[PDB]
Amino acid sequence: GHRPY
Amino acid sequence: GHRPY
Amino acid sequence: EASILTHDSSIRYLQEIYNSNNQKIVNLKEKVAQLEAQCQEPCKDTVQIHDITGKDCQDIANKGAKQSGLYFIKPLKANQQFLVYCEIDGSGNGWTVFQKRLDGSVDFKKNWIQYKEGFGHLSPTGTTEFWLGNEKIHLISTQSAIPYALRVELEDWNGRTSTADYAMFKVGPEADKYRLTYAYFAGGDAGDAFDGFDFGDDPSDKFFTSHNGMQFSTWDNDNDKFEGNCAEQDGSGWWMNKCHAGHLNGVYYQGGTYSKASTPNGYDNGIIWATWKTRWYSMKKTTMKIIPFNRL
Amino acid sequence: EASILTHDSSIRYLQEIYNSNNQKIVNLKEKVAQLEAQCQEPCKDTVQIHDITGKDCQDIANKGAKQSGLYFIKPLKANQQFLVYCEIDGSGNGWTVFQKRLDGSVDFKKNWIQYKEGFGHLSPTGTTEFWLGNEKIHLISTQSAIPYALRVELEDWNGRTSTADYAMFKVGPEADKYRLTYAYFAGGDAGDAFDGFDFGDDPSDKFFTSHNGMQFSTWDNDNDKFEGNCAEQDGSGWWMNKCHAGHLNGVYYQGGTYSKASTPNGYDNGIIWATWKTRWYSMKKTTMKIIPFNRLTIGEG
Amino acid sequence: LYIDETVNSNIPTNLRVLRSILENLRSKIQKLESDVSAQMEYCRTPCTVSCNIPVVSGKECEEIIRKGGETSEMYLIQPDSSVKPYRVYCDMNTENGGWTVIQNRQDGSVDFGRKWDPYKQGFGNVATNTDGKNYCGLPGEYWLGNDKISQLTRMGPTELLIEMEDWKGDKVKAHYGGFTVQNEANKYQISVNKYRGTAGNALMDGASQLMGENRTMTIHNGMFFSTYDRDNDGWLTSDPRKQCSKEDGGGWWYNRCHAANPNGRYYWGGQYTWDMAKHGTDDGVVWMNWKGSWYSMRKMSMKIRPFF
Amino acid sequence: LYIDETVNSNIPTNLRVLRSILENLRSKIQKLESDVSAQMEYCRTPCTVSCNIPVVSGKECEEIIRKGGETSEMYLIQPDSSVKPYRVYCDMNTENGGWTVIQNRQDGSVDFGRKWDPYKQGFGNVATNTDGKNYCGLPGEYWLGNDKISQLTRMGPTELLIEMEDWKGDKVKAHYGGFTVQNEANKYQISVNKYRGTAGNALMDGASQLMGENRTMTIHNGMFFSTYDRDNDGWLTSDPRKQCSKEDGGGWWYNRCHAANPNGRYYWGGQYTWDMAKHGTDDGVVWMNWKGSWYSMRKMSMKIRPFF
Amino acid sequence: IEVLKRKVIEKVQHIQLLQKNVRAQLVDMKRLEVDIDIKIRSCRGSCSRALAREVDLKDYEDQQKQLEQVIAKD
Amino acid sequence: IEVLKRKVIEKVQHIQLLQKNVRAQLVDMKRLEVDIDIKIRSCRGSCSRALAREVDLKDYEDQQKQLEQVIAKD
Ligand SMILES: *[C@@H]1O[C@H](CO)[C@@H](O[C@H]2O[C@H](CO)[C@@H](O[C@H]3O[C@H](CO[C@@H]4O[C@H](CO)[C@@H](O)[C@H](O)[C@@H]4O)[C@@H](O)[C@H](O[C@H]4O[C@H](CO)[C@@H](O)[C@H](O)[C@@H]4O[C@H]4O[C@H](CO)[C@@H](O[C@@H]5O[C@H](CO[C@]6(C(=O)O)C[C@H](O)[C@@H](NC(C)=O)[C@H]([C@H](O)[C@H](O)CO)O6)[C@H](O)[C@H](O)[C@H]5O)[C@H](O)[C@H]4NC(C)=O)[C@@H]3O)[C@H](O)[C@H]2NC(C)=O)[C@H](O)[C@H]1NC(C)=O
Ligand SMILES: *[C@@H]1O[C@H](CO)[C@@H](O[C@H]2O[C@H](CO)[C@@H](O[C@H]3O[C@H](CO[C@H]4O[C@H](CO)[C@@H](O)[C@H](O)[C@@H]4O)[C@@H](O)[C@H](O[C@H]4O[C@H](CO)[C@@H](O)[C@H](O)[C@@H]4O[C@H]4O[C@H](CO)[C@@H](O[C@@H]5O[C@H](CO[C@@]6(C(=O)O)C[C@H](O)[C@@H](NC(C)=O)[C@H]([C@H](O)[C@H](O)CO)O6)[C@H](O)[C@H](O)[C@H]5O)[C@H](O)[C@H]4NC(C)=O)[C@@H]3O)[C@H](O)[C@H]2NC(C)=O)[C@H](O)[C@H]1NC(C)=O
Ligand SMILES: [Ca+2]
Ligand SMILES: [Ca+2]
Ligand SMILES: [Ca+2]
Ligand SMILES: [Ca+2]
């Protein structure tokens, strides 16, 4: 689970 | 030694 | 026609049961936080370490300490304190045991190193077979010019225990193979077994089974007065010579009393205290305390 | 006539000198008794025996005593005390030597019984070869549970000396052939010759010339680790093995040092201490003391 | 036009559904209340565990084994003279034997969603009993004190083993012959290199299920340690709500946010969807690389040991 | 009526006799005065002797020899646990060897005319050096303690040897496999029996140069010990001047008086008449049975030893 | 006069938003099931005992479809 | 008339007794020669040195005959 821009 | 009487 | 205005009157029930739902949920999520905080602690470990680290257990009782459990100590010469099950009789003395025998299952057929660093496990209660470790015992009796003592306590499968005190007790550094030596034998209703009890074989024994001055041997380290790596011949470690005349690290024979046949090869060993019981009678409980000489 | 009246006057002279004689004699016999008393005493014996009998010389020096002469001690275990030349260095210690070698005229080629009872004589000055006695030595090193130590001090025809101390020293009972056996080797600038010195013959020696645990052997008593009674071969008594690796009772060779040819058969003996001087170098002075471990000698002070 | 008739036909059917769904919840809820209340009562009496401290000791686990430590139970160590000896769990079996366990999961027995201090100090149960036997050979989930963990590594070369397994049994792991976490003064950084083993280099190469900016933003290596009590993530944003640690409940070396989330939310079964996560993210101990963002392991462990 | 002329002829020759005789004496005495004066000056610095005590020790000489006592020097024994050990001389060569010398004469180096006490305690020189040699091999004349002599004999059977020799060399001796002197309480009686050897059984058979009452009164066997300090002789007389001991200066088991006088007046040369004796009797170490009432030995010695 | 075409749609709005609110309830609910379940487990390393209970995801997703079956068509 | 026969013998008694007096002196003296000698030897086991000296018994008994040669004279 990553946090995009 | 002896001794007479 | 318009008559159906009745069903919409059903809506109240849904919205209402719904609110009750949303409401309880907040009251419920609210209680969950209470649980996370209430129910989020490490289990309780019966075993506890006490502070007031000292030179030895006798300092701990010198610096207060009235309970009997495990403490940390750090001798002057060395460093890096360690654990040591003490024994405070409250009378104002705090024994420091480095070897205790009970249960029977712990084994002492460990190599040299294993004996250097001890083995087994200590316990607050005091019921658990263990062997501090030649290194520990060394430094504990080598610090300062203050003499020490040893109280070899034993008990038969009867119930009657005996004692044995030896003054100036102290084991040298590993450099000398942890040679064990003292000055004399104090009291002891168990008898002086470290003197060399001559059972009945050869005019030797006496001048062969004594342990004052000997070194330490193990299944893989022979430093005894016999090429015979005794430990192999037996099944433990000690300051052999003829060998044992009272070494209490051998096998723990359940119920005490054993024969020449009970061994794989046909020799003898096991917790025996010559000057107290037969060369063929295994103990039930053992223990080696140590306190500086001035304590009595 | 009546003229002769003169010779009679001469008599006065005789009774007068006779009177002097008798009077003088009385005064003389008188001085005689004065002489009998004054001069009538046993010779003055330079050798003297002190008191304060104890357990050993260290207990003597523990109950006063400061002089280095002969005293009496009586071990707990045995009975009947016996003379024992001490050696109180005054520091507060009192050794109790059981063997000494100087002169060289005293001999050691003595049988068994002779060694069990000791031979030679003891002296105040402390100059006279002698071997206490296997029996005494035992009773001394065994009494109580107190360990004893030994200091094999020696000296060369140079003048320098070396010591050797061993802990837990102590000789078994006759029943075991006064077996010698200690614990470990302490200090000593003379070398551990009791540890068996492997001169240079066979991978043996080291595990053949050590005297730790050996029994005592004599000209007519063999209790060593070799069939050939070393005694007879050598000419002494010791705790033989391969044999001696430093025994110090062999013949006292004048001047020190000797050859394999100086002996009838061609063997070697004499007070030697492998770990210090060649196997062919006899000593000039020897001595074996003994004090309980607890004492100064690698103990305290 | 006449479109009205559809009201008596459509609205009712929905009313039936809502009634079913809504009423089903009320009971569903009263059901939970009973549990929470009940479980609550249980924690009024904590668990008891007794662990006889072995006599044998040393600095780490490596020393112990080379000191006669064959059995794999909890020991007592002291990697420094200026620090109190503590308990720990030594694995003396897995590969060579002598690994110092630093963290472990296996049943969710202890929640890892703690504040910062707990993670600095250390929490969990070092070890539990072994079915009667006086000593403790069984693990039990925990996380030894950070300061210790840092202090451990910063005193000689070290390496790490991160084994794990799904609910199918299949096991895998990572190996870094170079592990080092910095002191509390440096937000407990984590400089790991020298990868090995098979499972996914999701600790220094980011995640495999991504590419470019998406992937290179999930490398734990060189990051700081964050907790929902203190944010040190690589996620730069002002919304207090948006923080790696708060999203995926738990302390870790997050970085917007993870490629692997040990110390997460130990879920059951093994699988789970977004509509279950506490925040709606993908919390819970997941390696993702070996399995995927939607799969919390059955067992997750880490252990250290010197390089030599 | 003329007999007077002889006064001038006879008296003069007489005055010549007294003059020479008397004058000869005034000088003989002046000669003695300087001697006693000079000798007196001598014992102002007593004799020195260094006797190193041999290590080997026992109760009597018998034991010592069977304990490696070869050489015949003096030794130190302890016939009893309740008695101070004392030096003594042990003969280890004469007849089997191992005799405990109790009395010995050879040069009169010491006066035996001592009182009673000196006789109970002991006196003389036990042994002297051997010309340079550190130990004491040579005897020295003495008389060990009576109390010891008695104690010795009263603890087991005993025998006695009394050798001696004239000034010609000829040697002889007496043997008594039965010897026993009571304790001071009983005046050190002396009950000896079982004679042997050749020299004269005068100790229980009385002299040989006598007959009847004359001889049968000189049997020492059974008598008490007397000294000119205490009279215990078999001579009953009130005149304190008439006492065996005084007559013949020296403590012995007298009895009106002797047939043998050990411990007497060591006369030189060997022969001596009545007009020499201190009292005008027959004092001096003489056995009479082998020599005569007028022959002082050259070497008189006694020695005891266990029976069996 | 307003009775002909009007009464039909003007009235449905109250149930419309409510129809959406229940969904938001399910989901907000579904997580409780989970979070609570997970939290219960944390009580093993603390609470003497731990309550054992089954979590039903099925029923939820099942009811979800019912809510999803009734979307836009009014 | 007291001069003829009387003066001869009445005067001799002074020397007659003295004559007997010396015999005792010699005898008493002789014993001293012996006693002394014997006593001197006593110092050997007490006095540093021993004064060795011969004792002349010949001279005495030689003078004893002069005394014994002048006996019955009256
Ligand atoms: C047990 O042993 C004793 C020995 O101790 C022995 O004693 C006997 O002594 C004599 C000798 O047989 C006997 O005396 C009795 O019988 C005599 C019979 O008459 C004649 O005797 C001669 C020789 O015997 C025959 O040949 C004739 O045929 C004839 O029968 C009789 O003489 C005796 O008379 C005396 O009676 C009493 C003593 O019994 C006495 O008081 C009277 O004076 C009277 O005179 C005689 O005795 C005195 C004193 O005892 C003598 O006088 C002394 O003379 C000496 C002179 O020198 C000598 C010496 O006597 O020869 C030399 C010695 O060698 C020397 N010895 C010493 C002491 O070292 C000394 C020394 O010179 C002096 O000490 C220093 O001067 O003495 C001396 O001057 C004395 O001072 C002086 O007093 C006379 O010698 C003598 N008469 C004369 C002039 O010749 C009497 O009846 C008995 O047989 C018996 N007497 C006793 C003591 O009982 C026993 O017989 C014997 N018994 C047995 C068998 O067991
Ligand atoms: C690095 O990472 C970043 C991000 O991690 C990557 O960013 C990418 O983001 C998108 C990823 O999907 C990409 O979208 C593109 O591709 C879409 C795929 O479709 C293509 O194929 C079809 C084939 O028929 C074709 O018709 C179509 O033309 C495409 O070619 C495509 O759909 C995208 O089009 C969009 O264009 C723009 C955005 O660029 C918008 O204006 C349009 O609306 C259009 O739709 C998109 O936007 C929708 C509206 O916002 C989204 O939709 C769904 O929205 C859901 C929201 O609904 C709830 C809610 O809360 O309201 C309801 C419910 O509760 C729940 N659903 C349930 C029950 O599951 C969801 C749920 O909570 C969330 O899913 C949680 O995550 O929320 C919901 O979000 C759902 O998931 C959406 O599908 C939707 O985002 C999108 N439409 C669809 C159908 O996908 C567009 O062309 C981009 O390419 C890319 N970003 C861009 C534009 O640069 C990045 O790719 C990566 N880079 C790399 C390579 O490293
Ligand atoms: Ca062996
Ligand atoms: Ca042999
Ligand atoms: Ca952030
Ligand atoms: Ca009388």
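Couple of notes before you dig in:
- Position F:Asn14: other-copy label points at 20.0 nm, ordered by increasing distance, label point 7 Å along Cα→C-beta.
- Axis angle, to the nearest 10 degrees, between helix D:11-38 and the longest C-alpha principal axis of chain D: 20 degrees.
- Taking a ≥ b ≥ c as the square roots of the eigenvalues of the alpha carbon gyration tensor, segment C:191-284 is oblate, as a/c is not under 1.5 and a/b does not beat b/c.
- The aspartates and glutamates whose alpha-carbon is closer than 12 Å to the alpha-carbon of D:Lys31, local same-chain residues fewer than 8 away aside, are F:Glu33, F:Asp35.
- Mean sequence separation of contacting Cα pairs (under 8 Å, at least six apart), scaled by the length of segment D:191-284, corresponds to a relative contact order of 24 percent.
- The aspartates and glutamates whose alpha-carbon is closer than 16 Å to the alpha-carbon of F:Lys303, local same-chain residues fewer than 8 away aside, are F:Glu60, F:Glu62, F:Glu63, F:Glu73, F:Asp91, F:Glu95, F:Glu141, F:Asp147, F:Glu159, F:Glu163, F:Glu165.
- Here the simple spin-label model places points 7 Å from the Cα toward Cβ, and for G:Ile71 and E:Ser208 these points are separated by 3.5 nm.
- Part-to-part distance (alpha-carbon centres) for segment E:254-269 and segment E:124-181, which is given in Å: 17
- Taken one residue at a time, the phi angles of segment C:150-156 give Karplus couplings (6.51, -1.76, 1.60, θ = phi - 60°) of 9, 10, 5, 8, 9, 7, 8 Hz. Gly and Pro are set to x.
- Charge tally in the Cβ shell below 13 Å around F:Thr218, where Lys, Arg are +1 and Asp, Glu are -1, F:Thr218 excluded: -2
- Remark on F:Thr218: its backbone amide H falls under 5 Å from those of F:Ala207, a criterion applied only to residues 5 or more positions apart or on other chains, H modelled at 1.01 Å from N.
- Members of D:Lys66/D:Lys289; D:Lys109/D:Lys289; E:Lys168/E:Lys299 lying beyond 19 Å, as alpha-carbon distances in this model show: D:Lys109/D:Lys289
- Other residues whose C-beta falls under 12 angstrom from the C-beta of C:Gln233 contribute a net charge of -4, scoring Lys and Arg +1 and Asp and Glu -1.
- Pairs beyond 27 Å (Cα-Cα), from F:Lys291/H:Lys58; C:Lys136/E:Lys120; C:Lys24/G:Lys73; C:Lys63/E:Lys84; D:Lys242/F:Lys59: C:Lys136/E:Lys120; C:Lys24/G:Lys73; D:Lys242/F:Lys59
- Pairs of Cα atoms nearer than 8 Å and 6+ residues apart set the relative contact order; for segment D:89-190 it is 19 percent.
- Dipole magnitude (debye, nearest 20) for the protein assembly as shown, charges at Cβ of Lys, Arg, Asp, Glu: 1740
- For segment C:164-175, the Karplus equation 6.51 cos²θ - 1.76 cosθ + 1.60, evaluated at θ = phi - 60°, returns couplings of 6, 10, 10, 7, 6, 3, 4, 9, x, x, 4, 3 Hz by residue, with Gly and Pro reported as x.
- Separation of alpha-carbon centers, segment F:206-228 and segment C:1-67, rounded to whole Å: 129
- The other copies place their E:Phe307 label points at 10.1 nm from this one, listed shortest first, where each point is 7 Å from Cα along Cα→Cβ.
- GluC sites (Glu not before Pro) restricted to DSSP loop in segment E:18-78 with at most 15 other C-beta within 10 Å: E:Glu70
- Scanning residues 5 or more positions from E:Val49 or on other chains, those with amide H under 5 Å from its amide H are C:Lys44, C:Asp45, C:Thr46, with H placed 1.01 Å from N in the peptide plane.
- Centroid-to-centroid, using Cα positions, segment E:59-92 and segment D:141-190 are 46 Å apart.
- Shown here for chain H: trypsin sites (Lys or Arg not before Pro) in loop regions (DSSP other than H, G, I, E, B) with at most 14 other Cβ atoms within 10 Å, namely H:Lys5, H:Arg6, H:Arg49, H:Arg53, H:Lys73.
- Each residue of segment F:220-226 was assigned a 3J(HN,Hα) from its phi angle through the Karplus curve 6.51 cos²θ - 1.76 cosθ + 1.60 (θ = phi - 60°); the sequence is 4, 3, x, 5, 10, 8, 10 Hz, with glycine and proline shown as x.
- Structural descriptor for chain C: relative contact order 16 percent, calculated from alpha carbon pairs under 8 angstrom and at least 6 residues apart.
- Ordered by the count of other Cβ atoms within 10 Å of each Cβ, fewest first, C:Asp192, D:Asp8, C:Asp59 give D:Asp8, C:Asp59, C:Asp192.
- Backbone amide hydrogens, once placed in the peptide plane, bring E:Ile304 within less than 5 Å of E:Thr100, E:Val101, E:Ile102, excluding anything fewer than 5 places away on its chain.
- For segment F:7-49, the set of trypsin sites (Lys or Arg not before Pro) satisfying both a DSSP loop assignment and a count of at most 11 other C-beta atoms within 10 Å is given as F:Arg44.
- Cα gyration tensor shape of segment F:200-298, rounded if a/c is under 1.5, else prolate or oblate by comparing a/b with b/c: oblate
- Across the copies of the chain, E:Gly280 has label points (7 Å from Cα along Cα→Cβ) spaced 16.2 nm apart, shortest distance listed first.
- Anisotropy class of chain C from Cα gyration tensor, a/c 1.5 cut: prolate
None of the figures in this text is laboratory data; all of them are computed from the coordinates on show. Cβ: placed from backbone, ideal geometry, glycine included. Neighbour counts: every protein chain shown.
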